Undergrad: 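Take a look at this one; I'll ask things after.
Every chain is numbered from 1, with letters handed out A, B, ... down the list of sequences. Every heavy atom of this structure was used, including side-chain atoms; hydrogens, water molecules and symmetry mates were not.
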Amino acid sequence: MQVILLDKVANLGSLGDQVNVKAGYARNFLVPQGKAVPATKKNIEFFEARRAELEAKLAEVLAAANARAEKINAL
RNA sequence: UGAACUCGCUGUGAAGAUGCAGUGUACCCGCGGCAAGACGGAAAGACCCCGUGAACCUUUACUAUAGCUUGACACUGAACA
Ligand SMILES: [Mg+2]
Ligand SMILES: [Mg+2]
Ligand SMILES: [Mg+2]
């Protein structure tokens with residue numbers, strides 16, 4: 001079963017990672033206890049949309065934080 | 001219970017005759033008795049064989065199968081050596 005991890009999970013991956021796993025592990029533990037979700041394409045697009053929007057916020061925050069770093073040495 | 005005007009003998013004859021041939025005997029009709037015969041009555045022989053019949057029963061007959069048992073996969077996962 002392909003699933004996308006929610007919280008970080010030992011031996012698998014961190015939040016957002018995509019991993020294959022045995023159905024029974026996903027069905028009876030990881031999903032009920034809120035640790036992962038199926039790898040539905042809407043979902044993986046959801047997270048690709050997430051990874052990229054998060055990437056933009058990290059690129060632009062770095063564009064804002066650099067700007068203030070040029071201004072610190074400016075004074 | 002085919003119809004009877006329904007005797008003996010010896011012989012003949014699907015080969016054990018009231019009914020055929022030959023012959024003997026016998027006037028017509030009951031009643032009480034007897035069971036030698038009518039291969040008497042009753043039951044499409046149960047023995048025996050036959051039918052490429054039936055059934056039930058047995059088994060190391062054949063073919064299947066419930067059940068019991070084997071392993072693979074599924075429900076069925078994690079960590080650690
Ligand atoms: Mg007669
Ligand atoms: Mg008789
Ligand atoms: Mg008969």
Side-chain angles (χ1 to χ4, degrees):
Chain A
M1 197 180 298
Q2 297 279 320
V3 305
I4 294 175
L5 292 175
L6 274 37
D7 199 333
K8 169 217 62 40
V9 186
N11 265 352
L12 280 184
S14 330
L15 163 92
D17 284 43
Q18 181 183 340
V19 293
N20 184 39
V21 79
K22 304 225 176 61
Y25 184 39
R27 159 162 50 248
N28 282 321
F29 182 75
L30 292 175
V31 161
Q33 266 157 249
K35 257 149 164 27
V37 59
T40 80
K41 287 83 196 180
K42 106 209 272 213
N43 266 255
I44 146 181
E45 291 181 34
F46 190 139
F47 286 74
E48 242 306 329
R50 178 130 327 304
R51 295 153 198 162
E53 97 82 53
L54 209 169
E55 166 55 54
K57 307 244 70 173
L58 186 276
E60 67 110 72
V61 150
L62 185 270
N66 274 135
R68 268 157 53 156
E70 333 194 3
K71 284 162 187 163
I72 280 297
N73 291 7
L75 268 160

Undergrad: Centres under 5.5 Å and planes under 30° for the six-membered rings of B/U76 and B/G77?
TA: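 Stack absent between B/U76 and B/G77.
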Undergrad: For RNA chain B, list all stems, counting runs of three or more consecutive pairs where every pair is Watson-Crick or G-U wobble with both distances under 3.5 Å.
TA: B:7-11 with B:20-24
Undergrad: B/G19 and B/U12: how far apart are their P atoms, nearest whole angstrom?
TA: 15 Å
Undergrad: For A/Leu30 and B/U76, what is the distance between atoms CG and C1' respectively, to the nearest whole Å?
TA: 14 Å
Undergrad: For nucleotides B/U18 and B/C7, find the distance between their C1' atoms and express it as a whole number of Å.
TA: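 Between the two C1' atoms, the distance is 7 Å.
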Undergrad: In whole Å, what separates the P atom of B/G16 from that of B/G11?
TA: 13 Å
Undergrad: When you compare the six-membered rings of B/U69 and B/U70, are they both close enough (centres under 5.5 Å) and flat enough to each other (planes under 30°) to count as stacked?
TA: yes
Undergrad: Taking the same atom, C1', in B/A35 and in B/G41, what whole-Å distance lies between them?
TA: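 Comparing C1' positions in B/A35 and B/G41 gives a spacing of 15 Å.
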Undergrad: Do both conditions hold for B/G19 and B/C20, namely six-membered ring centres separated by less than 5.5 Å and ring planes inclined at less than 30°?
TA: no
Undergrad: Taking only nitrogen or oxygen atoms into account, show me every contact under 3.5 Å that the protein makes with nucleotides 72-74 of chain B, one pair per line with its distance.
TA:
none

Undergrad: For atom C1', what is the distance between B/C50 and B/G45, given to the nearest Å?
TA: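 It works out to 15 Å between them.
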Undergrad: Which other residues end up in the same hydrophobic cluster as A/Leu6, if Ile, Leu, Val, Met, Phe, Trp and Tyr are linked when side-chain heavy atoms come under 4.5 Å apart?
TA: A/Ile4, A/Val37, A/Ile44, A/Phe46, A/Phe47
Undergrad: Going by heavy atoms closer than 4.0 Å, what residues in residues 9-27 of chain A are next to RNA chain B?
TA: A/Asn11, A/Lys22, A/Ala23, A/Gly24, A/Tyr25, A/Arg27
Undergrad: Of all residues at least two apart in sequence or in a different chain, which pass the side-chain contact (heavy atoms from CB on, under 4.5 Å) check with A/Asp17?
TA: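 A/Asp17 satisfies side-chain contact (heavy atoms from CB on, under 4.5 Å) with A/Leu5, A/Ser14 only.
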Undergrad: When the P atoms of B/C29 and B/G13 are compared, how many Å lie between them, rounded to an integer?
TA: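 My reading of the P atoms in B/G13 and B/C29 gives 35 Å.
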Undergrad: Not counting sequence neighbours, which residues clear side-chain contact (heavy atoms from CB on, under 4.5 Å) with A/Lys57? List them please.
TA: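 Listed in chain order: A/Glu53, A/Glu60.
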Undergrad: Tell me yes or no: do the six-membered rings of B/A55 and its strand neighbour B/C56 sit under 5.5 Å apart at centre, with planes under 30°?
TA: yes
Undergrad: Does the pair B/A21/B/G22 satisfy a centre-to-centre distance of less than 5.5 Å between six-membered base rings together with a plane angle of less than 30°?
TA: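 Flagged as stacked, both criteria satisfied.
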Undergrad: Rounding to the closest angstrom, what is the interatomic distance between B/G32 and B/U10 at atom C1'?
TA: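 Pairwise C1' distance, B/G32 against B/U10, rounds to 35 Å.
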Undergrad: Distance between the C1' atoms of B/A44 and B/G37, in whole angstroms?
TA: 26 Å
Undergrad: What integer distance in Å separates A/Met1:CE from B/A78:P?
TA: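 Roughly 12 Å, once rounded to whole Å.
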